[PDB]
Structures are given as C-alpha cells and as structure tokens.
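For reference, the chain that follows is the form deposited in one PDB entry, supplied as structure tokens.
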C-alpha cells in the first residue's frame, strides 16, 4: 500500500477471529464496517511532518498473523507565502503561558477516544464556497518562519454562517491564540472536525450538535492574513487532508433516503 503524507487510509480487515491491530507497540482501534458485516475498519494516518518512510502494521488473529506494509509518498505539495501580524509568529512572553495551556488542553481532548459513532451518515462541507488555501501547502510567514497548512481554507467574508460538518459533541468552543475563536467536534472513532478564526461561536463545550446546525460565524481571529474559514480534520491521531478524508469516509458511511 502507499499513502501520501498528511492523509488517512481506511484499512479493511476480516472481523472473524480478529484479536488486535498494532503499529509497533501502539494498538490501532477498530470499528465495524457499516455495509459488510464480515469486515472491520481502522483509520491509519501519516503525519505531514516527520512521517516514517515506511510502516508495518500487524493484524493478529486467533490463527493468523498478517503484516501489512505501507510506503509513505511525498505527494506534490506546493509552497505559498503569507503575511501575518508579527506577534502571531513571535508571541510576547506574556502570552506563552496561555499558548502552553491551550496546547495541553487540546492534547488531552484528542487523546480521549470515543469507541462509537457520534456522526450521522456522510460529512457535509461546512461552507459552500471555494478553497483559497489547500491542505499541506508549504508556507513561509513574513519571510521568516516556515510552516505547513494543517487544514483547508475556504473563502469567507466576516460573518459567514458556518455549520457542523457532521453530528457529534463539541469539545472546544473558545478563543485561542493562534486558531482564534475555535470550535472542535468529536464525531467518534477518533475523528474530530475543526473550525478556526471565527468571529462568533454559537455552541458550548459538551453540546450535542447535529449535522448542518449552526456552530458560529466566520471571522479573522487568531493568526490570519485576512478573513476566511479554516476547516480541519484530526483522525488516526494526526491532522489529515480534510476533504480527502471526507471523500473516503463518505464512500463508506453515506446513507440514502
């Protein structure tokens, strides 16, 4: 198998007699295939930064042991230049305490695995506009700081209504230094959708949110070159190409009427 860095894969395995799926010493969680009752699924993601060159997964069965080899592909990501406020790439010392606390809070949330589906069928795109900055662009801020784009940006004037891409539970709903006003939704199975730089937040932590429900208004809060919506997906423990992930998820979990 081959996988571009920064993307997720849905691995399909036999359900009968399955015992565990591991990557080195790390157990990878599994969930039921919604269509095929003889199969289970697992999400495997490669990070954009510092992925391994190769991966060997091992699936253990009562009477089988299967090694699965995945080659990391570099992809064809391009570069872009952005101008932002200097304090958003070199934050004052008075602010680094908040940045560290916000980082620790987010790490805690993403390690809190929900072993059931909170979603309802396929994901929607949270905005009906167009991509202005695609996932994985290699970025330079102010000709000084290298970065990479960990989500996808959509055109949005300040005040554009933003709707939940799928049903789930709100885990973050507050102003953060870099992301600005942020909403993060747990959809189950380690899948989180992220909505950043908002001007207004319309949900609160712990809220059960349904697909298509208003979660806030787009803005220009946080580290920005101008107003837009940043949409992200964390899955398999990594930030992944969100629209690529949604296409792969929907191919499995979409429903009819």
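Residue numbers count along the first chain shown, from 1. Between two forms, the rigid core is the largest collection of C-alphas that superpose within 1.5 Å. Residues that one form lacks are left out of the comparison.
Not pictured, yet referred to below: the form deposited in another entry.
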- Item | Single mover in 98, 155, 174, 87, with Cα shift of 2 Å or more between the shown form and the other one when the core is superposed | 87
- Item | Threshold 2 Å Cα movement between the shown form and the other one at residue 73, rigid core reference | no
- Query: After superposition on the rigid core, does the Cα atom of residue 144 shift by at least 2 Å between the shown form and the other one?
  - Reply: yes
- Have a look at residue 91 and residue 225: in the other form, are their Cα atoms closer together or farther apart than in this form, given the change is 3 Å or more? farther
- Note on the structure: Output row for the residue 80-residue 182 CA distance, |change| of 3 angstroms or more in the other form, reads farther
- Message: Please list, in sequence order, every run of 3 or more consecutive shared residues whose CA atoms are displaced by 2 Å or more between the shown form and the other one on a core superposition.
- Response: 79 to 94, 139 to 147
